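Notes to accompany the following structure.
Every residue, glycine among them, receives a Cβ derived from its backbone with ideal geometry; neighbour counts consider all protein chains shown. Each value in this text was obtained by applying a stated rule to the coordinates, not by laboratory testing.
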Ligand SMILES: *[B]([O])([O])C1=[C][C]=[C][C]=[C]1
Ligand SMILES: [Cl-]
């Protein structure tokens with residue numbers, strides 16, 4: 001019958017439409033993986049000025065969802081024995097020898113516990129190798145490495161940069177030429193080709209100022225991916241079924257499904273952040289709140305890394321000045337969701353859409 005497809009469209013429309021109106025989101029793409037099948041729902045405008053509609057092939061900036069791609073490259077380096085999580089950061093970049101990175105692990109960098117690396121590089125650090133080098137050489141922890149989580153682009157950015165160094169190649173080249181092809185992603189870019197530019201949505205900020213992300217230090221590692229809802233769902237499906245990939249890449253994905261500590265209801269992996277499932281909407285919002293993102297939190301370290309599988313929801317938010325993304329999946333239910341928008345609208349609202357959909361797929 002037409003009942004199941006009708007029900008799914010009604011569910012997704014009911015979740016998305018009010019949130020788009022309430023947050024003045026010009027365009028939004030949803031992709032859902034359910035029972036081994038993909039479903040796409042596209043809303044609104046990729047560009048208001050030229051009237052181009054969003055489709056499942058529209059490219060959006062995913063911001064910090066890129067950190068899960070970075071984590072996957074690191075997982076490849078780890079499981080190929082090029083680095084270990086307990087390595088000191090300065091073991092992988094001679095410029096860092098003699099700095100405080102002699103006493104900071106790769107795990108600390110990956111999971112934001114290096115001791116207070118800030119949310120963003122300061123504005124004094126441009127996209128320039130020497131400036132980035134000098135920034136890390138001079139940086140000193142505010143508190144002991146391993147003790148407090150402070151969500152940070154320079155932290156996990158350095159993790160990605162060092163993973164690339166451990167592999168002997170630039171980060172951007174490894175992602176383009178090795179990671180994206182291994183994952184079957186042909187509509188996923190760090191640097192959008194001219195031939196794909198017509199698919200790149202406009203981002204919108206205050207007064208509908210147009211915002212596509214400009215260059216910044218460790219942008220590729222931290223926030224550089226532009227992808228479609230369909231390709232990002234392919235990446236979620238790879239995460240749901242790592243065993244379907246060639247074994248080196250299966251292991252790389254599995255490395256991103258291991259939790260190291262808890263803060264509140266959240267268990268922190270490499271890139272992915274996990275919750276028990278079911279959990280209340282308010283708690284999932286709180287785990288993705290502004291205080292969680294902006295304030296230091298003492299961690300509760302696990303005695304052994306925990307498998308992020310089964311009755312859990314793995315997620316990641318991502319933002320740029322013009323865009324707001326959210327991805328979530330439930331390993332033990334073979335359920336995946338991507339929500340890509342061309343306004344940076346609050347995480348609470350992204351989670352509201354997702355929760356309504358995921359809860360309605362449960363019921
Ligand atoms: B991410 O979208 O959460 C992000 C964090 C810091 C700097 C850039 C991106
Ligand atoms: Cl930054």
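Only one residue in 96, 34, 85 is in contact (Cβ under 8 Å) with a residue 12 or more places away in the chain and under 21 Å from residue 353 (Cβ atoms). Which one?
Going through 96, 34, 85 in turn, just one is in contact (Cβ under 8 Å) with a residue 12 or more places away in the chain and under 21 Å from residue 353 (Cβ atoms): 34.
Residue 120: surrounded by fewer than 20 Cβ atoms within 10 Å (Cβ to Cβ), under 16 Å from residue 160 (Cα atoms) and either under 20 Å from the mean Cα position of the chain (by Cα) or within 16 Å of ligand 2 (Cβ to nearest atom) (or both), yes or no?
Yes, satisfied.
Look through the range 12-22, keep the residues that are surrounded by fewer than 19 Cβ atoms within 10 Å (Cβ to Cβ) and touching a residue at least 40 places away in the same chain (Cβ under 8 Å), and return whichever of them is nearest to residue 198 (Cα to Cα).
Narrowing the range 12-22 to residues surrounded by fewer than 19 Cβ atoms within 10 Å (Cβ to Cβ): 13-14, 17-18, 21-22.
From what's left, touching a residue at least 40 places away in the same chain (Cβ under 8 Å): 14, 22.
Details: 14: 30, 22: 28 Å.
The qualifying residue nearest to residue 198 (Cα to Cα) is 22.
Considering only the range 141-159, I want to know if a residue exists there that is assigned to a helix (DSSP H, G or I), more than 16 Å from ligand 2 (Cβ to nearest atom), more than 23 Å from the chain's Cα centre (by Cα) and without any contact (Cβ under 8 Å) to a residue 40 or more places away in the chain.
No - not one qualifying residue is present in the range 141-159.
How many residues are surrounded by fewer than 23 Cβ atoms within 10 Å (Cβ to Cβ) and away from ligand 1 (no atom under 12 Å from the Cβ) if we restrict to the range 311-328?
Of the residues in the range 311-328, 1 are surrounded by fewer than 23 Cβ atoms within 10 Å (Cβ to Cβ) and away from ligand 1 (no atom under 12 Å from the Cβ).
Answer yes or no: is there a residue in the range 146-161 that is in contact with a helix residue (DSSP H, G or I) (Cβ under 8 Å, 6 or more places away or on another chain) and farther than 27 Å from residue 260 by Cβ.
Among the residues of the range 146-161, not one is in contact with a helix residue (DSSP H, G or I) (Cβ under 8 Å, 6 or more places away or on another chain) and farther than 27 Å from residue 260 by Cβ, which makes the answer no.
Mind counting the residues in the range 53-106 that are away from ligand 1 (no atom under 16 Å from the Cβ) and assigned to a helix (DSSP H, G or I)?
Residues in the range 53-106 being away from ligand 1 (no atom under 16 Å from the Cβ) and assigned to a helix (DSSP H, G or I): 20 in total.
From the list 192, 213, which one is touching a strand residue (DSSP E or B) at 6+ places or on another chain (Cβ under 6 Å), within 16 Å of ligand 1 (Cβ to nearest atom) and not in a helix (DSSP H, G or I)?
Every option except 213 fails the conditions.
What number goes with the only condition from (1) touching a residue at least 60 places away in the same chain (Cβ under 8 Å); (2) more than 16 Å from ligand 2 (Cβ to nearest atom) that residue 265 does not pass?
(1)
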